[PDB]
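Below: one structure, written as structure tokens.
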Amino acid sequence: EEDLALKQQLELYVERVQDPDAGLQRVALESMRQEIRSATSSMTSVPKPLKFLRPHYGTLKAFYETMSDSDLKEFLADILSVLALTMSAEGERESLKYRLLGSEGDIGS
């Protein structure tokens, strides 16, 4: 039940990111960043959040393409740069392109 609840939370966060409200978008993106940081600390297995968020990579890419410049854009660029680790085809430099457009936040996080 816990895995299903986490998957439901992830898809709900994606839907809230798709919502036009800037505040809700910021809240969802911050929650996604927090959970990604928490899960990545597990060195013993591929994070489940990545496995659950794999299908939404194209939708998030389109949403990035549809947004105007803003801090939300930088946070979403950081998220997509982190996500490209598992979905970028060999030779597709999406991660670096989104990182150069991302924030100058601490890489180690």
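If you're wondering about the labels, chains in the structure tokens are A, B, ... by order shown, residues count from 1 in each chain, ligands from 1 in order shown.
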With only C-alpha atoms as the counted atoms, please give the residues lying no more than 7 Å from segment 65-74 of chain A, apart from itself and same-chain residues fewer than 6 positions off, as a PDB file with C-alpha atoms, in the first residue's frame.
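Everything below was put into result.pdb:
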ATOM      1  CA  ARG A  26       6.159  26.017  -6.433  1.00  0.00           C
ATOM      2  CA  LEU A 101      19.556  26.768 -17.835  1.00  0.00           C
ATOM      3  CA  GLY A 102      19.076  25.719 -14.198  1.00  0.00           C
ATOM      4  CA  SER A 103      19.943  27.359 -10.901  1.00  0.00           C
TER       5      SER A 103
END
**Prompt:** Quick one: DSSP helix (DSSP H, G or I) residues in segment 14-56 of chain A, as a PyMOL selection string?
**Reply:** chain A and resi 14-18+22-40+48-56
Given the choices A:81, A:90, A:55, A:48, which gets closest to residue 107 of chain A if the distance is worked out from only C-alpha atoms?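 Using only C-alpha atoms, residue 107 of chain A sits closest to A:81.
Compared by their closest atoms to residue 52 of chain A, and using only C-alpha atoms, the residues A:21, A:94, A:78, A:11 rank with A:11 nearest.
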With a distance cut-off of 12 Å and only C-alpha atoms, select the neighbouring residues of residue 79 of chain A, excluding the residue or stretch itself and same-chain residues fewer than 4 positions from it, and output the selection as a PyMOL selection string.
chain A and resi 14+17+28-37+50+53+57+60-61+64+72-75+83-85+94-95+98-99+101-103
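Across the structure, atom CA of residue 9 of chain A and atom CA of residue 108 of chain A are spaced 25.6 Å apart.
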